[PDB]
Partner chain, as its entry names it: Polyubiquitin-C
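So this first bit is one chain, no partners, the form deposited without its partner chain, shown in structure tokens.
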């Protein structure tokens, strides 16, 4: 198999392989998988490279797509690269002209999502999504598109904040980080490193959820004995956003639980 989202396996078999022995840590993880297993029987292991949060979220979102969301239907989505890059010249510091590259990635994300949404059965969609996630250039193009949508949302949120408009508090937290005080520091110090030298930070999972308009419900196994045992990104989303559920043993890497 050439898949970057492994074939599914029983979640309890997965836990028994991964977490052996009697350490406090191992017991904590075992309780965490037992919690997940109340709702999900199986798990797909997501390739653990620096794109794993994007892979896990997109794979789940696209495999479950029965519609094309309005944000991907909106013709302005295709116009964004030119509008942003022309306005904000520092976007050309993007670590992969650039406008045509981004527009090709957005076009691919739109077309692949539309194609899944129209398939006549859930099995056809599973087959097609498995084919899409096989570590070929199409898969990494999708991540370029989602990183770019994260940057666009970050720019809007930053600009709302400056105009004194109301913004979700996670964006105050995002721009409070000393390496991320504005959108260009976000790009150079964070987004450019995503998929290259590190994965998304906790506060960026809120930005990811906003970028693709999905509610991301994560079982945080390292937080099991606390109220963050599950955290939902964002905390109070539109009731109309689809939900994707992930598991993260330690906020670094995400896998996909399967019902």
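Positions refer to the first chain, counted from 1.
This protein has a second form, the form solved in complex with its partner chain, left out of what is shown; the following refers to that one.
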Testing 70 to 78, 87 to 95, 104 to 112, 165 to 173 against its partner chain in the deposited bound form with a 4.5 Å heavy atom criterion leaves exactly one stretch, namely 165 to 173
Honest question, do 60, 133 and 138 all end up within 4.5 Å of its partner chain in the deposited bound form by heavy atom distance? no
Proximity to its partner chain in the deposited bound form, single hit among 191, 203, 209, 65 (heavy atom within 4.5 Å): 203
Using the partner position in the deposited bound form, report whether residue 231 sits within 4.5 Å of its partner chain, counting heavy atoms only. yes
Whether residue 199 contacts its partner chain in the deposited bound form should be assessed with a 4.5 Å heavy atom distance threshold; does it? yes
Exercise: residue 100 in contact with its partner chain in the deposited bound form, heavy atom 4.5 Å: no
I'd like to know if residue 83 sits close to its partner chain in the deposited bound form, meaning any non-hydrogen atom pair within 4.5 angstroms. no
